There are 4 protein chains.
Amino acid sequence: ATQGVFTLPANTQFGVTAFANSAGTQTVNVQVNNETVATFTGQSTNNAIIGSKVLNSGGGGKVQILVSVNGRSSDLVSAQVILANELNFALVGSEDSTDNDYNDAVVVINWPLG
Amino acid sequence: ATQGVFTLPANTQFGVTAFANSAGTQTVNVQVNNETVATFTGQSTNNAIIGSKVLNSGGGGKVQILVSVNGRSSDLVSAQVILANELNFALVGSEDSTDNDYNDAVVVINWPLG
Amino acid sequence: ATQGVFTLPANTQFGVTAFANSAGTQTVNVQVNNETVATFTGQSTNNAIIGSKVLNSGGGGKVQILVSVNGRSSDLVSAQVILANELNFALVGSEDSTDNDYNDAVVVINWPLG
Amino acid sequence: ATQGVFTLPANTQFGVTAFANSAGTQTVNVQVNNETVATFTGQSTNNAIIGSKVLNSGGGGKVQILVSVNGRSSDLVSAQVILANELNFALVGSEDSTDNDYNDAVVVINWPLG
Ligand SMILES: C[C@@H]1O[C@H](CNS(=O)(=O)c2ccc(/N=N/c3ccccc3)cc2)[C@@H](O)[C@H](O)[C@@H]1O
Ligand SMILES: C[C@@H]1O[C@H](CNS(=O)(=O)c2ccc(/N=N/c3ccccc3)cc2)[C@@H](O)[C@H](O)[C@@H]1O
Ligand SMILES: C[C@@H]1O[C@H](CNS(=O)(=O)c2ccc(/N=N/c3ccccc3)cc2)[C@@H](O)[C@H](O)[C@@H]1O
Ligand SMILES: C[C@@H]1O[C@H](CNS(=O)(=O)c2ccc(/N=N\c3ccccc3)cc2)[C@@H](O)[C@H](O)[C@@H]1O
Ligand SMILES: [Ca+2]
Ligand SMILES: [Ca+2]
Ligand SMILES: [Ca+2]
Ligand SMILES: [Ca+2]
Ligand SMILES: [Ca+2]
Ligand SMILES: [Ca+2]
Ligand SMILES: [Ca+2]
Ligand SMILES: [Ca+2]
Ligand SMILES: [Ca+2]
Ligand SMILES: [Ca+2]
């Protein structure tokens, strides 16, 4: 039911990177424990990286991605993958229109860092 | 060591189910916190279920799958996928020969239950 | 996003297995190229396998999982993951009520076989 | 190699993005149908992007990632995940030493683009 919400280990540094593939200017909001900590804005139809930041998951470890285009919330898809019981990817696609490529904004969260 | 080991939430019920797709008789050992708690043995080239059990992850939450054929450890491949930040799959494939279909024994761990 | 729909290679044997974790009796329908080829019905709150079958993907490769409880459609979550570029899992979780554990029927599709 | 090799749909544009999390300088080589078409070199312990390109998977679709540190091949872990039967991620972790964080170079391949 929930898409684009992930429970990270507490107080963990993570990377968050957003790609754009749409005619529409993407706005990507990163909320940690229900507070906006990063906003990425930009327009590309060729997978430009419109932001890449290192954030901290805080006490609650809650990380939510929200995507909007010209004030309209995009439909999200997401999952988390763990490799070798250690390397974590939290993955978000988003759809701003009708073609259902779900790539309009793509967000990759990765941890651990360092 | 780097594949077929999964850290589950402590004290959690989970399912483990093994399928066989090989000429060779598969043995799957399930260790929970470094103790063997279930063993599945069988032969099938048509995806037969050679065992399914509900176990508890215990204090440490450590679950390790070992696969061997005729006393020879198989090469493993594994990942964990989480859907909707809630539904967990720990997946193992194994290879007992040279064709690298990694389906000789296939193990699926799922939680939560109930 | 459509969920529970997977494009397989054409004319390929796969396995499909369903587990139940609900007070409600689950009915899982498997559609291959828009025709029902398997129906699994059962009831368990302890991960019982309510069905397992070997099918062929046919000419179009389209496999769709539908889940219902007492004739009412469950909400689905899904993803596909590929290990070692060869071993394929298509995963489905489903929700029949309000608790959002999405394990009420759990469906696992695996290929290749043999 | 059984890791870091992916069969993309033929003739498809994809993104490839590498991040570094190691004291050692990472060299990521991207081979498309067995030709090297990108080389990313850099050093970061804080998830800096050391490269990002848009490439075409060509007639055979084969994409391989190789990672080395001062001429020494790293151990790889990898998987592909598909959301909504449409949005694809091929994911690579690599380990250059003994701690098994598998984040020393992290490579994300995404498609479709546009
Ligand atoms: C089906 C295939 O089985 C493979 C493993 N086979 S194996 O264990 O080495 C093995 C075992 C017995 C064999 N022949 N036994 C005979 C033949 C004649 C008479 C008496 C005995 C040959 C091979 C998998 O790795 C593949 O993916 C694939 O599923
Ligand atoms: C043991 C528990 O069983 C639950 C299912 N219980 S159930 O009896 O079948 C059921 C209950 C309510 C349903 N819909 N109610 C409506 C529909 C419209 C309006 C108002 C209410 C459908 C089915 C699982 O969902 C849990 O996760 C858990 O496993
Ligand atoms: C900041 C840290 O940098 C590390 C790499 N540092 S390094 O200088 O390149 C390096 C590379 C290889 C080394 N030895 N490899 C062996 C030794 C014996 C047996 C097998 C392999 C030792 C040091 C990352 O691996 C960590 O995760 C972390 O990010
Ligand atoms: C490239 C494509 O961009 C799509 C989003 N497009 S959009 O931002 O809504 C948009 C649509 C129409 C626009 N303007 N004027 C028109 C257009 C036709 C007739 C008259 C006026 C301007 C912007 C993605 O959803 C796809 O996947 C894909 O990447
Ligand atoms: Ca949104
Ligand atoms: Ca949509
Ligand atoms: Ca779109
Ligand atoms: Ca698009
Ligand atoms: Ca084999
Ligand atoms: Ca086999
Ligand atoms: Ca439920
Ligand atoms: Ca349930
Ligand atoms: Ca390392
Ligand atoms: Ca590292």
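Hydrogens, waters and symmetry mates play no part in the numbers below; they use all other heavy atoms, side chains included. Chain naming here is simple, since letters A, B, ... match the order of the sequence lines and numbering starts at 1 in each.
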Taking it one step at a time, do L87(B) and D101(C) satisfy side chain to side chain contact (heavy atoms under 4.5 Å, CB included)?
CA-CA 7 Å; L87(B) 188 67; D101(C) 63 353; over 6 Å; no
Please evaluate residues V106(C) and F89(B) with respect to the criterion side chain to side chain contact (heavy atoms under 4.5 Å, CB included), reporting the C-alpha separation (whole Å), side-chain torsions for both, the decisive distance (0.1 Å), and the verdict.
CA-CA 10 Å; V106(C) 171; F89(B) 303 84; 3.6 Å; yes
Side chain to side chain contact (heavy atoms under 4.5 Å, CB included) between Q80(D) and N88(D): does it pass, once the steps are laid out?
CA-CA 7 Å; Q80(D) 186 182 338; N88(D) 288 255; 2.9 Å; yes
List the steps and the verdict of side chain to side chain contact (heavy atoms under 4.5 Å, CB included) for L113(A) and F19(D).
CA-CA 10 Å; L113(A) 302 187; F19(D) 310 77; over 6 Å; no
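With sequence neighbours left out, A90(D) forms a side chain to side chain contact (heavy atoms under 4.5 Å, CB included) with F6(D), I109(D), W111(D). Under the side chain to side chain contact (heavy atoms under 4.5 Å, CB included) criterion, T25(C) pairs with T41(C), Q43(C), not counting sequence neighbours. Under the side chain to side chain contact (heavy atoms under 4.5 Å, CB included) criterion, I50(B) pairs with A18(B), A20(B), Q26(B), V28(B), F40(B), sequence neighbours left out.
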Please tabulate, one pair per line, all N/O donor-acceptor pairs under 3.5 Å involving side-chain atoms of residues 31-38 of chain A, not counting sequence neighbours.
{"residue": "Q31(A)", "atom": "NE2", "partner": "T36(A)", "partner atom": "OG1", "Å": "3.1"}
{"residue": "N33(A)", "atom": "OD1", "partner": "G61(A)", "partner atom": "N", "Å": "3.4"}
{"residue": "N33(A)", "atom": "OD1", "partner": "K62(A)", "partner atom": "N", "Å": "3.0"}
{"residue": "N33(A)", "atom": "ND2", "partner": "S57(A)", "partner atom": "O", "Å": "2.9"}
{"residue": "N34(A)", "atom": "OD1", "partner": "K62(A)", "partner atom": "NZ", "Å": "2.8"}
{"residue": "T36(A)", "atom": "OG1", "partner": "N29(A)", "partner atom": "OD1", "Å": "2.6"}

Under 3.5 Å, which donor-acceptor pairs do the side chains of residues 63-74 of chain C form with other protein atoms, sequence neighbours left out?
none

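Sequence neighbours left out, the pairs with a member in residues 4-21 of chain B that pass side chain to side chain donor-acceptor pair (under 3.5 Å) are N85(A)-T7(B), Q13(B)-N56(B), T17(B)-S52(B), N21(B)-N47(B).
The shortest distance between side-chain heavy atoms of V16(D) and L55(D) falls below 4.5 Å.
Across all non-hydrogen atoms, the minimal contact from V77(C) to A1(A) is CG1-N, 4.0 Å. When all heavy atoms of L76(C) and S94(C) are compared, the closest pair comes out as CD2-CB, 3.5 Å. For the pair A79(D) and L83(A), the tightest heavy-atom approach, listed with the atom from each and the gap, is CB-CD2, 3.9 Å. Between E95(A) and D104(A), the closest heavy-atom pair is OE2-OD2, 2.9 Å.
The CG atom of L91(C) sits 8.5 Å away from the OG atom of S78(C) when rounded to the nearest 0.5 Å. Atom NZ of residue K53(C) and atom CZ of residue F14(C) lie 9.5 Å apart, to the nearest 0.5 angstrom.
Residue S22(B) is tested with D99(B), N103(B), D96(B), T45(B) for a side chain to side chain donor-acceptor pair (under 3.5 Å); the sole match is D96(B).
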